[PDB]
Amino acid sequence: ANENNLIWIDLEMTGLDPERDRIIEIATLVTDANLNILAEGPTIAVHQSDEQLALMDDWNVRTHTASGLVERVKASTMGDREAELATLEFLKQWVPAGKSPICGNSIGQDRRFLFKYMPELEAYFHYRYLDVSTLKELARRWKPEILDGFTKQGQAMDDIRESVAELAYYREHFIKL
């Protein structure tokens, strides 16, 4: 455990509305304060009912079926609470409660789903947000030149590792240390 470590997280959901939609995937990963990847946490397909999956709009059915996530959700024996507790069992080994901001890309949406469906995991984070896309937005406005230099190869944890590498790029090319 170290109080400067960062919790990175990436959810998949059935849609964008926490009131109607559910979490169907959680992945976590911990870095040190300098973005050295310490440990990859468990990628868990979160079981939801056939009823709930049938409410998915066409974009979500297409994406989550093609990826194999829909199959893994149907087969999963872990609901919201089991996935929450397994994620906490992983994070407790690496980061104390209330210290890491929520880190990732478009993490405001993810935190909304944590508040509704995994409030204990939500509480484990510092109140603050580290959305890498905050730096992409500023870069696009103040220094667009640097955006040509970074590329994504287009898997939850591939997205997290890409988010870490993206923050590291902004640390070298956008920040002044």
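One rule holds for the numbers: they count along the sequence shown, beginning at 1.
As the entry records it, the average C-alpha temperature factor is higher for 53-61, out of 130-138 and 53-61. As listed in the deposited structure, the average C-alpha B-factor of 142-150 and of 37-45 is greater for 142-150.
Highest CA B-factor among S67, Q109, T28, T31, as stated in the entry: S67. Within the group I23, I9, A156, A168, the record's highest C-alpha temperature factor is found at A156.
When the modelled residues of the chain are ordered by their C-alpha B factor, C103 lands in the lowest third. In the PDB entry, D80 places in the lowest third of its chain by CA B-factor. Compared with the other modelled residues of the chain, the Cα B-factor recorded for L91 ranks in the middle third.
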